[PDB]
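Structure record follows, encoded as structure tokens.
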Amino acid sequence: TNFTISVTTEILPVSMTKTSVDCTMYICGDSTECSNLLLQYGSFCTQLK
Amino acid sequence: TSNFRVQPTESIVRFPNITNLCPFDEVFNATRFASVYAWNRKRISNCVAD
């Protein structure tokens, strides 16, 4: 015979922070020889990027 | 494409001001040496090894 209007809150995530990871700087910075060996290791950096 | 960086210009050495020479003559040009069961121990500190 009656009613009760109630308001409910729903929280849904949409996105997050877009993080870009540098290849040479995170692994070994200010190192030319380490970058040379790294490139030899393969092409993982292009796939990760 | 890639990542850019700033190359260094020169190098700076900041070793402490030590002028006395290490006494390597008494450990390498000694008259006699000890045995393996009674080996000596010489502490070398606060000098410059050329």
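Chains: A, B, ... in order of the structure tokens. Residues: from 1 per chain. Ligands: from 1, in order shown.
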
Just need the residues of chain B within 12 Å of chain A, counting only C-alpha atoms, so spit them out as a list in words.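 Taken together, these residues fit the definition: residues 1, 2, 3, 4, 5, 6, 7 and 8 of chain B.
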
Please produce a file of the residues just selected, as an mmCIF file, in the first residue's frame, where the atoms kept are N, CA and C atoms.
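Just written: again.cif:
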```cif
data_model
loop_
_atom_site.group_PDB
_atom_site.id
_atom_site.type_symbol
_atom_site.label_atom_id
_atom_site.label_comp_id
_atom_site.auth_asym_id
_atom_site.auth_seq_id
_atom_site.Cartn_x
_atom_site.Cartn_y
_atom_site.Cartn_z
ATOM 1 N N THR B 1 59.277 6.802 -31.244
ATOM 2 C CA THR B 1 60.416 6.272 -31.983
ATOM 3 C C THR B 1 61.494 5.749 -31.041
ATOM 4 N N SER B 2 62.084 6.633 -30.241
ATOM 5 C CA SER B 2 63.189 6.257 -29.370
ATOM 6 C C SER B 2 63.242 7.233 -28.200
ATOM 7 N N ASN B 3 64.349 7.194 -27.461
ATOM 8 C CA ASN B 3 64.541 8.020 -26.277
ATOM 9 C C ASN B 3 65.843 8.793 -26.417
ATOM 10 N N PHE B 4 65.790 10.092 -26.144
ATOM 11 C CA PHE B 4 66.949 10.964 -26.248
ATOM 12 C C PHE B 4 67.590 11.169 -24.880
ATOM 13 N N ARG B 5 68.897 11.423 -24.891
ATOM 14 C CA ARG B 5 69.662 11.629 -23.670
ATOM 15 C C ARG B 5 70.732 12.683 -23.918
ATOM 16 N N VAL B 6 71.226 13.264 -22.829
ATOM 17 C CA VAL B 6 72.254 14.297 -22.878
ATOM 18 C C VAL B 6 73.594 13.654 -22.545
ATOM 19 N N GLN B 7 74.536 13.735 -23.481
ATOM 20 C CA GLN B 7 75.843 13.131 -23.283
ATOM 21 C C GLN B 7 76.683 13.963 -22.314
ATOM 22 N N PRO B 8 77.512 13.315 -21.496
ATOM 23 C CA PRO B 8 78.410 14.062 -20.609
ATOM 24 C C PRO B 8 79.509 14.770 -21.388
#
```

Excluding same-chain residues fewer than 6 positions from residue 27 in chain A, what lies within 12 Å of it counting only C-alpha atoms, as an MDAnalysis selection string? chainID A and resid 21 34:35 37:38 45

Selection file, N, CA and C atoms, as a compact mmCIF listing (two decimals), in the first residue's frame:
```
# COMPACT_ATOMS: atom_id res chain seq x y z
N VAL A 21 57.17 2.30 -20.12
CA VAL A 21 58.42 1.87 -19.52
C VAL A 21 59.53 2.02 -20.54
N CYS A 34 76.44 -1.92 -22.40
CA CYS A 34 75.26 -2.65 -21.98
C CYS A 34 74.13 -2.53 -22.99
N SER A 35 73.98 -1.35 -23.62
CA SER A 35 73.01 -1.20 -24.69
C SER A 35 73.39 -2.04 -25.91
N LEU A 37 75.14 -4.96 -25.93
CA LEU A 37 74.83 -6.35 -25.62
C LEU A 37 73.33 -6.54 -25.59
N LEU A 38 72.61 -5.53 -25.11
CA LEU A 38 71.16 -5.64 -25.01
C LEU A 38 70.53 -5.81 -26.39
N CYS A 45 62.50 -5.41 -26.68
CA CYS A 45 62.08 -4.04 -26.38
C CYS A 45 60.97 -3.58 -27.32
```

Mind checking DSSP for chain B and telling me the helix (DSSP H, G or I) residues as a PyMOL selection string? chain B and resi 25-28

May I ask for the distance between CA of residue 31 in chain A and CA of residue 44 in chain A, given in Å to one decimal place? 18.3 Å

List the neighbours of residue 42 in chain B out to 9 Å using only C-alpha atoms; skip same-chain residues closer than 2 positions along the sequence, and give me the result as number ranges by chain. B: 27, 40, 44

Could you pull the residues within 8 Å of range 20-26 of chain B, counting only C-alpha atoms, minus those fewer than 4 positions along the same chain, as a PDB file with N, CA and C atoms, in the first residue's frame?
```
ATOM      1  N   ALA B  30     111.634  -7.930   0.792  1.00  0.00           N
ATOM      2  CA  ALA B  30     112.094  -8.288   2.124  1.00  0.00           C
ATOM      3  C   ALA B  30     113.261  -9.267   2.045  1.00  0.00           C
ATOM      4  N   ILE B  44      98.271  -2.372   5.273  1.00  0.00           N
ATOM      5  CA  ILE B  44      98.674  -1.235   4.454  1.00  0.00           C
ATOM      6  C   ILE B  44      97.487  -0.285   4.360  1.00  0.00           C
ATOM      7  N   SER B  45      97.658   0.930   4.875  1.00  0.00           N
ATOM      8  CA  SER B  45      96.577   1.906   4.877  1.00  0.00           C
ATOM      9  C   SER B  45      97.157   3.312   4.830  1.00  0.00           C
ATOM     10  N   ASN B  46      96.336   4.241   4.326  1.00  0.00           N
ATOM     11  CA  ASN B  46      96.626   5.680   4.303  1.00  0.00           C
ATOM     12  C   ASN B  46      97.907   5.999   3.529  1.00  0.00           C
ATOM     13  N   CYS B  47      97.977   5.511   2.294  1.00  0.00           N
ATOM     14  CA  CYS B  47      99.104   5.793   1.410  1.00  0.00           C
ATOM     15  C   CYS B  47      98.638   5.623  -0.033  1.00  0.00           C
ATOM     16  N   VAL B  48      99.582   5.692  -0.968  1.00  0.00           N
ATOM     17  CA  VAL B  48      99.301   5.591  -2.396  1.00  0.00           C
ATOM     18  C   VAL B  48     100.086   4.416  -2.962  1.00  0.00           C
ATOM     19  N   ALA B  49      99.383   3.498  -3.624  1.00  0.00           N
ATOM     20  CA  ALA B  49      99.999   2.354  -4.288  1.00  0.00           C
ATOM     21  C   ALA B  49     100.128   2.675  -5.773  1.00  0.00           C
ATOM     22  N   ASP B  50     101.368   2.846  -6.238  1.00  0.00           N
ATOM     23  CA  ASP B  50     101.602   3.207  -7.631  1.00  0.00           C
ATOM     24  C   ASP B  50     101.338   2.053  -8.590  1.00  0.00           C
TER      25      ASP B  50
END
```
